[PDB]
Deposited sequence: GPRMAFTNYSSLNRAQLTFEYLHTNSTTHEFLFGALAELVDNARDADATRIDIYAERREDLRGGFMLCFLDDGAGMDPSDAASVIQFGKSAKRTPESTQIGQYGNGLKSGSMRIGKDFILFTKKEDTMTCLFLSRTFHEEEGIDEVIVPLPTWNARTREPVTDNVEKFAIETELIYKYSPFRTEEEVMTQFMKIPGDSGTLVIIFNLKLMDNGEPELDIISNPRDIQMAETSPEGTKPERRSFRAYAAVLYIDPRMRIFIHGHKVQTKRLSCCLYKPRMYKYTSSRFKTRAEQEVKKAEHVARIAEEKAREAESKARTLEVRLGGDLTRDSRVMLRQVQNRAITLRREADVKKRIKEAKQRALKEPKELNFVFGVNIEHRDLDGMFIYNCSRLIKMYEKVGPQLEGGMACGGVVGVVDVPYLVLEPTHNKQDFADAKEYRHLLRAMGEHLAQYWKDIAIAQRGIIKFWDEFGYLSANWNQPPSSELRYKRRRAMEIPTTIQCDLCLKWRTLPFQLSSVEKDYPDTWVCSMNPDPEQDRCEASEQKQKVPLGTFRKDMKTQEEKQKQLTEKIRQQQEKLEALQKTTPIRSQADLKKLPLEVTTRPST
């Protein structure tokens, strides 16, 4: 029993320390998007609610129709490091038990979250305003729960519940129980979550860092954009569109749909190269050696306990007989379950241990090139130049590369904007650069003449940065090379259209497609067939 020993604890200032991980402000917003995706949301709305009395003049709201949280799920939010998603073979993005706290506290001073699941709905209120005004150096968090159907409090301590709600009514944007219930009612289904960040951070001139005015359909960085500034680093609509390699969840900003995309579907002559990863193989082999030791120990424990149970039965020829017998039963089921996981890791070990590099030419935007590196579907690095692109030449200029890296090979840094194992990441970039050179040889556009290739798509200007010509002949020349893809708003499937779109998307559903083969939500989804190239 360790009850007298010191525990590590979190203090108020740590909320700030943790938030300084996000020098890229959109990567703080991405944490909350990730959480909606991981909760199996089919939709997230990211929108502003104007509030001239709050710092920055609006609250930033994230509303999803995902699985929601029950009261114990909600309470584990403030157990830093706790992540039910951190399970073997987990393909959730969440793993570190931190992102909502680091991201929200980068964006604003305070947040209030509303969540509903089955018959409960819970509010979690993180108010740094409260801690400052009342001199609190711990991190104290109101967490009231109500019954979702009757709106009665669900609490084991009515005095505590009264203090919690009084704090919410005093310090949150919502000053009455009615106003709080109004927020719960914005979650219209049986489950979902609404996260509201408020008292947003200001620049030195008193304006918020997030600009929702310049383009009312977007969330932009409030800073001047130089010449080669990437759209994804100043427009959240642009960043959200490529945040996942395999978008399904629909994203809306200020009520306007984001045209999410699969980068490999947006490129000229996409080709895929399979890269055998020694790291992937070694780590899978070690995860097996470990599972087989874990199953071995459990079996010896179960075998001892069963032996003692049998001997005690014959000796007794009671109460204690069942402590021994059931202990044997439980160790045996423990041993069997670990043997099954050992076997499952052995089976997976035989699968190919390969990373799939995909390359194609960004003919619409030659200057937006380099590698996009995803980690368990989540974008980590964008526009990373490799191989010949690291020279001052036109070789491999315009080429976009995409790869999805599993956690066994790389895990992210604390801010999910870099990779924690720099040595192995640098190795990956060299491997990607070698394959990029092979892609470039393979499509041979440099053997035939690289300037004349770009001329054909209408790059009249001498500066590498300006867009290709917008006259009609060059528009159609470019468009002919890139299929038109679109997601159904009802069934979430990805479709191709046999014509070109005119221009911010509106609602589209399968039955609007003139293609008789994709004409109904019940028609099965066609997969991109990216052709395979060969290294060396």
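> Since the structure holds only modelled residues, which stretches of the deposited sequence does it leave out?
Absent from the structure are positions 1-7, 325-331, 518-521, 555-606.
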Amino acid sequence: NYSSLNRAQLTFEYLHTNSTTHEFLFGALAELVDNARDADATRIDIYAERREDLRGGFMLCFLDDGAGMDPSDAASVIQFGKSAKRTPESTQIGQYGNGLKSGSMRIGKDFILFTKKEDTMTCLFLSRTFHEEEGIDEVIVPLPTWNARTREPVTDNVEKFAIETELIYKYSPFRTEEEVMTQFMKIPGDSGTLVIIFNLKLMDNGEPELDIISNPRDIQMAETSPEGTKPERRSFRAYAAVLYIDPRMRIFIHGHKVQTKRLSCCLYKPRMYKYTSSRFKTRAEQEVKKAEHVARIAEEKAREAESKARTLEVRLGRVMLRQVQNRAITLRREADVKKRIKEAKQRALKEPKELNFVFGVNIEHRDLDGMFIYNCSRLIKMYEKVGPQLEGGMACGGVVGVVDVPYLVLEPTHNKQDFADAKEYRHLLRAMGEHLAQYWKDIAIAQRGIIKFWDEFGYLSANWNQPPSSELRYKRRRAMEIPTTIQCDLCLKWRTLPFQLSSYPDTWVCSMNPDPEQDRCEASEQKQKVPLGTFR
From here on, numbers count along this sequence of modelled residues.
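> Which is higher on mean Cα B factor in this entry, 387-395 or 403-411?
For C-alpha atoms only, the mean B-factor is higher in 387-395.
> Look over 452-460 and 68-76 in the entry and identify the one with the greater average Cα temperature factor.
So the stretch with the higher mean C-alpha B-factor is 452-460.
> Considering only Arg476, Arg55, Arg495, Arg37, which residue's Cα atom bears the greatest B-factor as recorded?
The record points to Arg476.
> Looking at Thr122, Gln466, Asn205, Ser102, which has the biggest Cα B factor in the entry?
The record points to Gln466.
> When the deposited Cα B-factors of this chain's modelled residues are ordered and cut into thirds, is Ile251 in the lowest, the middle or the highest one?
Lowest third.
> Divide the modelled residues of the chain into thirds by Cα B-factor and specify which third, lowest, middle or highest, holds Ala48.
Answer is middle: the recorded C-alpha B-factor places it there.
> Consider only the C-alpha atoms of the modelled residues in this chain, order them by B-factor as the entry records it, and name the third containing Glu300: lowest, middle or highest.
Its C-alpha B-factor, which the entry lists for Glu300, ranks in the highest third among residues of this chain.
> Going by the entry, which third of its chain does the Cα temperature factor of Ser127 land in?
Lowest third - that is where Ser127 ends up once the chain's C-alpha B-factors are sorted.
> For the chain shown, is the CA B-factor of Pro216 in the lowest, middle or highest third of its modelled residues?
For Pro216, the deposited C-alpha B-factor lands in the middle third.
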